[PDB]
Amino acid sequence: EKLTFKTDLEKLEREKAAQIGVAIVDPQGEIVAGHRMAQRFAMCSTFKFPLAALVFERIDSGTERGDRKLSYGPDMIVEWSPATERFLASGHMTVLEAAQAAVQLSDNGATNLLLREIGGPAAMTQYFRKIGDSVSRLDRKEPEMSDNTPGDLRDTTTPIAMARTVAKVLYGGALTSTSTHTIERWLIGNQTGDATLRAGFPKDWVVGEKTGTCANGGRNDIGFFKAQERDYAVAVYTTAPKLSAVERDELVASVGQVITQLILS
């Protein structure tokens, strides 16, 4: 089963001129399958899911309040900030409004609003370290963190590190029961992932995920799925500079089909 998994991903890489990093882990973080699993890839927008977990932890701890109003001006509008732009005239979004927009719309301004509050990228890297992730690192805010310069180690993760971080957040007790359920529902309700991994999964699986798109052909999808009453965490990072945007979508869906084959056998 694992040789077919590797061969099928290698075929996608060959024919699409792509690199595909995949890690699937069980709720304990034990490896189910993987490909280029410790190669570094740009996180791009996928880090917004750990960012929301950070926020949830501070609310859990009484260090933050979900309804606290975060004021801003037009300087905070950057490319792809649809909710931030809608709330601009009102003058604020709450911590939780901003987090939900970052997870479910990949709103960049809302992400940066939260980054300003925690003291910037170093604090997000600090959260990765707190939950046992020594690999993932945030260095810059949006959108420049998505620059994806070849060989740059800034703003990177590995498939296995991020998959284990997903498992830690959802299954390993990083959040309260209530906060864990909330972030799970946010991932299921994500509005940006209809054409990526969940398009390649069976329609009865419960799936939630966070997408990413970066320069130089990056297209990513991380999250969880429940298949045959068993829970998994998954991270998929791909680089395909020669494909169109729609073809990169199709590539991640095709990776979803390869994962399905492995799981169902």
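Sequential numbering from 1, following the sequence displayed.
key: Of 108 to 116 and 145 to 153, the stretch whose C-alpha atoms average the higher B-factor in the entry   = Higher mean C-alpha B-factor in the PDB entry: 145 to 153.
query = Would 121 to 129 or 84 to 92 have the larger average of its C-alpha temperature factors, as given in the entry?
reply = Higher mean C-alpha B-factor in the PDB entry: 121 to 129.
inquiry  = So if I compare the CA B-factors in the entry for 73, 189, 173, 193, which one is the largest?
reply    = Comparing C-alpha B-factors across 73, 189, 173, 193, the top value belongs to 173.
key: From 238, 46, 228, 39, residue of greatest CA B-factor   = Answer, based on the entry's C-alpha B-factors: 228.
query = Lowest, middle or highest third of the chain for the C-alpha temperature factor of residue 182?
reply = Tercile = middle for this residue's CA B-factor.
request  = Divide the modelled residues of the chain into thirds by Cα B-factor and specify which third, lowest, middle or highest, holds residue 208.
outcome  = Bottom third by C-alpha B-factor.
task = Would you check the entry's CA temperature factor for residue 233 and let me know if it's in the chain's lowest, middle or highest third?
result = CA B-factor rank for residue 233: lowest third.
task = Sorting the chain's modelled residues by C-alpha B-factor, tell me whether residue 158 ends up in the lowest, middle or highest third.
result = CA B-factor rank for residue 158: lowest third.
query = If you rank every modelled residue in this chain by C-alpha B factor, which third holds residue 134: lowest, middle or highest?
reply = Within its chain, residue 134 is a highest-third residue by C-alpha B-factor, going by the deposited values.
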